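> For the record, the sequence lines run as chains B and A.
Here the first sequence is numbered in the deposited numbering, starting from 0 and rising by one per residue.
Here the second sequence is numbered in the deposited numbering, starting from 0 and rising by one per residue.
Note that the Cβ used here is the ideal one computed from N, Cα and C, for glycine as well.
My structure is below; once you've seen it, I'll send some questions.
There are 2 protein chains.
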Amino acid sequence: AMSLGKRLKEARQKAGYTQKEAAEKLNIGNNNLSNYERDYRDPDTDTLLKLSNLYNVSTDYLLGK
Amino acid sequence: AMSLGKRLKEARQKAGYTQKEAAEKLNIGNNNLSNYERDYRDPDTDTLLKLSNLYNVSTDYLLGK
C-alpha cells in the first residue's frame with residue numbers, strides 16, 4: 000500500500016512540479032513518469048537517481064529504507 | 000571509471016561476504032551478482048535495496064550521490 004511510485008509522486012509534489020514539467024525536465028516521455036508513479040514500471044537506477052536529484056530527496060527515501 | 004558495480008563489490012568486501020555467500024543470502028544467482036558487480040546488468044530497485052541492506056550502506060552511496 001506504500002510504494003516507490005507513491006513516494007515519487009509525493010516527492011515531485013513537494014518539489015512543485017507537475018508531471019509533464021518533471022518529465023520534460025528529465026527528457027522522459029510523460030507516460031513513462033506516469034507509469035513509474037503508478038508502480039506499473041520499475042525505473043532503471045540511472046533514472047531513479049535523476050529523479051531523486053530533481054526532487055531533492057535521497058534514493059533511500061524513495062525506496063523505503 | 001567508477002560505477003554502481005564497483006561500489007557493490009567494495010561494499011560487499013567491506014561487509015566480509017564472498018560473492019557466493021552474498022548471492023546465497025539474497026537468493027540470487029552467483030552469475031547474476033557477478034553481472035551486477037561488473038556493470039553488465041542493472042539491478043532492479045528491489046535487489047538494489049536488498050543488497051544495500053546486506054552490506055549496511057545507503058542506496059545513495061551505491062548510486063554515487
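Would you tell me roughly how many angstroms separate the C-alpha atoms of B/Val56 and B/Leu62, rounded to the nearest one?
Counted from its first residue, the first sequence places residue 56 of chain B at position 57. Counted from its first residue, the first sequence places residue 62 of chain B at position 63. Answer to the nearest angstrom: the Cα atoms are 11 Å apart.
> When DSSP labels each residue in this structure, what does B/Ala0 get in the three-state scheme?
Residue mapping note: residue 0 of chain B aligns to position 1 of the first sequence, counting from 1. Coil.
> Specify the secondary structure class of B/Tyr39 as computed by DSSP and reduced to three states.
For this step, residue 39 of chain B is matched to residue 40 along the first sequence. The answer is coil: DSSP assigns B/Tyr39 none of H, G, I, E or B.
> Helix, strand or coil for A/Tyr16, going by three-state DSSP, please let me know.
Numbered from its first residue, the second sequence carries residue 16 of chain A at position 17. Note: A/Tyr16 maps to coil in three-state DSSP.
> Would you check if the distance between the CB atom of A/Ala14 and the CB atom of A/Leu48 is smaller than 9 Å?
To locate residue 14 of chain A, count along the second sequence from 1; it is residue 15. To locate residue 48 of chain A, count along the second sequence from 1; it is residue 49. Not a contact, by the Cβ cut-off of 9 Å.
> Run through DSSP, which three-state label would A/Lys24 get?
For the purposes of this step, residue 24 of chain A is taken as residue 25 along the second sequence, with counting starting at 1. Reduced to three states, the DSSP call for A/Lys24 is helix.
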